[PDB]
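Reading through the structure tokens given below for one structure.
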Ligand SMILES: [Ca+2]
Ligand SMILES: [Ca+2]
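Residue numbers (our numbering), protein chains in the order written: chain A, 16 to 214; chain B, 5 to 392.
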């Protein structure tokens with residue numbers, strides 16, 4: 016669910032003697048469990064816990080274990096402002112070109128905006144982890160590229176229609192696209208939320 | 005005595021140091037009586053002096069002049085039970101061809117020479133912690149089943165090493181390791197549709213007449229399950245015991261664990277192939293336009309998008325010294341996209357001169373041939389690299 020994922024950091028300390036010799040009994044708090052440091056941090060801690068349990072031993076019987084768990088999350092303001100806000104403006108440029116009644120200039124603006132989308136992918140290349148599987152952020156960028164590339168295909172069809180002599184048909188396509196295009200993005204976002212977040 | 009096709013075999017009886025003690029007499033038979041305080045015998049069977057198989061039955065006995073169950077007279081090698089479990093795959097190096105693994109290894113064997121008496125300790129189990137089998141054997145001056153990882157590179161991080169012995173004589177070993185193993189059998193010629201094999205070999209360091217692997221125990225799941233997704237998924241696995249030649253001579257035992265793995269196909273299909281199809285299809289659809297001052301500029305502009313798209317997937321392309329399946333496809337696509345620019349220039353010159361019917365016929369031919377070349381090339385790639 017990158018970048019909206021929450022992880023757990025577990026620090027386990029195990030005794031190396033059987034539980035009939037030494038056993039963990041009490042937990043003392045001689046200092047703050049999570050210290051405070053100046054400045055901001057990449058991972059922020061929301062809660063923590065400490066517990067004592069028993070685990071099987073290689074000798075036999077059991078031994079004691081002391082566990083400290085920290086619940087962490089990322090910095091959401093970083094990803095929203097740096098990635099999602101610039102992405103929205105690039106996408107909205109391809110939506111607004113359908114108001115033009117000429118297609119020799121709509122086609123060249125649509126083709127030019129596809130290059131800006133690809134170039135924008137280089138800046139945020141560092142912010143995209145190089146794992147072997149798709150994440151939530153990776154899926155959204157693939158859908159946006161396909162919709163931007165389809166706009167170029169529709170523009171070519173409209174120009175051919177106008178040159179032949181049928182312009183009313185081309186004008187009706189503009190009305191349908193201006194309505195359907197914002198609808199597909201809204202529907203896809205809801206689908207992503209249902210699949211990965213609300214079970 | 006042989007069973008069939010008798011070659012008159014030669015047999016010898018020497019001391020432990022090789023000094024002969026008795027010689028065969030022609031059904032070869034021989035007898036010998038020793039009177040020293042310590043008397044150890046070695047039985048030699050020679051067949052050096054083309055034959056079909058062996059077909060032999062050897063009979064020996066002590067104080068048994070008759071011959072022709074009782075108790076065992078020949079020494080028997082110890083039997084060792086071994087198990088291995090894999091917990092994680094840390095990483096894979098595709099240039100030096102090695103991978104890192106995390107797991108657990110367990111050994112166990114029975115040896116009466118290791119027994120003791122509880123009276124002298126008031127305890128049931130003995131302990132040797134944070135020491136390898138080789139180090140412990142030197143301390144107690146007893147032979148032990150030393151082992152090693154065959155293809156290990158560098159040192160390995162060993163944790164929870166321990167040996168415990170019981171008064172009866174049963175001992176066992178336990179260790180958690182993090183090791184890097186060399187795998188020169190990697191073949192990345194069908195990237196990203198390639199399937200590899202990960203082999204973990206454990207070799208005994210003693211001759212097969214002393215210790216031999218006998219049984220495999222499954223104390224845990226061989227391949228563990230972890231939360232989340234993984235780059236390499238495991239489809240099947242196997243475990244086997246074989247014998248390999250030794251530097252001393254004779255043979256030694258080997259325990260092998262093989263994991264069959266494959267990549268994540270949904271990652272490469274959606275991220276690379278789907279965007280590539282849309283870029284290619286843009287160059288195909290521009291041939292419907294009847295003007296060439298705008299077809300030429302769209303065709304030229306789309307070539308720049310193809311090159312810029314190659315920067316994003318630069319990380320997904322390995323930097324090996326040879327061409328893979330993915331590399332070959334990208335080269336063909338670039339050449340076809342660049343040829344479209346060349347054809348567009350020719351058409352514009354034809355229209356300016358005054359011949360437009362000829363230029364219109366070229367559009368019809370290209371719109372048909374262009375999708376055909378891509379389909380033909382894909383079939384050719386499939387025949388060459390996948391279906392033999
Ligand atoms: Ca700081
Ligand atoms: Ca995981």
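Here a beta-carbon is modelled for each residue, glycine too, at the ideal position from N, C-alpha and C.
Taking buried to mean at least 16 other C-beta atoms within 10 Å of its own C-beta, is residue i buried or exposed?
| i | result |
| --- | --- |
| residue 296 of chain B | buried |
| residue 92 of chain A | exposed |
| residue 93 of chain B | buried |
| residue 156 of chain A | buried |
| residue 87 of chain B | buried |
| residue 151 of chain B | buried |
| residue 78 of chain B | exposed |
| residue 384 of chain B | exposed |
| residue 164 of chain A | buried |
| residue 113 of chain B | buried |
| residue 314 of chain B | exposed |
| residue 279 of chain B | buried |
| residue 160 of chain A | buried |
| residue 71 of chain B | exposed |
| residue 251 of chain B | exposed |
| residue 212 of chain A | exposed |
| residue 175 of chain B | buried |
| residue 33 of chain B | exposed |
| residue 263 of chain B | buried |
| residue 344 of chain B | buried |
| residue 44 of chain B | exposed |
Under 8 Å, Cβ to Cβ, is there at least one residue of chain D near residue i?
| i | result |
| --- | --- |
| residue 174 of chain A | This model lacks chain D altogether, as its protein chains are A and B. |
In chain A, which residues lie less than 7 Å from residue i when you measure between Cβ atoms?
| i | result |
| --- | --- |
| residue 312 of chain B | 130, 133, 134 |
| residue 233 of chain B | 148 |
| residue 315 of chain B | 137 |
| residue 178 of chain B | 73 |
| residue 268 of chain B | 147, 148 |
Tell me, to the nearest whole angstrom, how far the beta carbon of residue i is from that of residue j; I am working on the premise that it is less than 8 Å.
| i | j | result |
| --- | --- | --- |
| residue 276 of chain B | residue 171 of chain A | So it is not a contact: roughly 24 Å between Cβ atoms. |
| residue 105 of chain A | residue 131 of chain A | 6 Å |
| residue 256 of chain B | residue 81 of chain B | Actually they do not touch by this definition, with Cβ atoms about 11 Å apart. |
| residue 303 of chain B | residue 318 of chain B | Wrong, their Cβ atoms sit about 25 Å apart, outside the cutoff. |
| residue 89 of chain B | residue 226 of chain B | 6 Å |
| residue 300 of chain B | residue 352 of chain B | 6 Å |
| residue 208 of chain B | residue 149 of chain B | 6 Å |
| residue 110 of chain B | residue 223 of chain B | 6 Å |
| residue 118 of chain B | residue 169 of chain B | 5 Å |
| residue 115 of chain B | residue 28 of chain B | So it is not a contact: roughly 35 Å between Cβ atoms. |
| residue 91 of chain B | residue 228 of chain B | 5 Å |
| residue 5 of chain B | residue 55 of chain B | With 8 Å as the limit, residue 5 of chain B and residue 55 of chain B do not qualify as a contact, their Cβ atoms being about 15 Å apart. |
| residue 328 of chain B | residue 193 of chain B | 6 Å |
Give the interface partners of residue i over in chain B, defined as CB-CB distance under 8 Å, in chain order.
| i | result |
| --- | --- |
| residue 119 of chain A | 298 |
| residue 164 of chain A | 279, 282, 283, 286 |
Starting from the beta carbon of residue i, find every residue of chain B whose beta carbon is closer than 9 Å, and list them in chain order.
| i | result |
| --- | --- |
| residue 157 of chain A | 274, 275, 278, 279 |
| residue 74 of chain A | 129, 131, 166, 168 |
| residue 178 of chain A | 293, 294, 295 |
Counting only Cβ pairs nearer than 7 Å, list the residues of chain B close to residue i.
| i | result |
| --- | --- |
| residue 167 of chain A | 286 |
| residue 126 of chain A | 302, 305 |
| residue 160 of chain A | 279 |
Run down chain A in chain order and give the residues with a C-beta less than 8 Å from the C-beta of residue i.
| i | result |
| --- | --- |
| residue 290 of chain B | 171 |
| residue 319 of chain B | 140, 145 |
In chain A, which residues lie less than 9 Å from residue i when you measure between Cβ atoms?
| i | result |
| --- | --- |
| residue 271 of chain B | 146, 147, 148, 149, 153 |
Assess, as a yes-or-no matter, whether the segment 35-49 of chain A is touched by the segment 63-70 of chain A under the definition of 3 or more beta carbon pairs within less than 8 Å.
yes
Listed in chain order, which residues of the segment 119-152 of chain B have Cβ atoms closer than 9 Å to some Cβ of chain A?
Answer in chain order: 129, 131, 133.
Any chance the segment 90-106 of chain B sits against the segment 192-211 of chain B, with 3 or more Cβ pairs inside 8 Å?
yes
Segment contact, 8 Å Cβ cut-off, at least three pairs: the segment 35-50 of chain B with the segment 6-15 of chain B
A contact exists between the segment 35-50 of chain B and the segment 6-15 of chain B.
Three-pair Cβ contact test at 8 Å for the segment 121-135 of chain B versus the segment 232-240 of chain B
no
Given 8 Å, three or more beta-carbon pairs between the segment 225-232 of chain B and the segment 358-369 of chain B:
no
Report yes or no: do the segment 135-146 of chain B and the segment 189-198 of chain B share at least 3 C-beta pairs separated by less than 8 Å?
no
Using a Cβ distance threshold of 8 Å, determine whether the segment 195-204 of chain A contacts the segment 15-34 of chain B, with at least three qualifying pairs required.
No contact exists between the segment 195-204 of chain A and the segment 15-34 of chain B.
Do the segment 154-169 of chain B and the segment 59-66 of chain B make contact, defined as three or more Cβ pairs closer than 8 Å?
no
Under 7 Å (Cβ pairs) to chain B, residues found in the segment 58-71 of chain A
none
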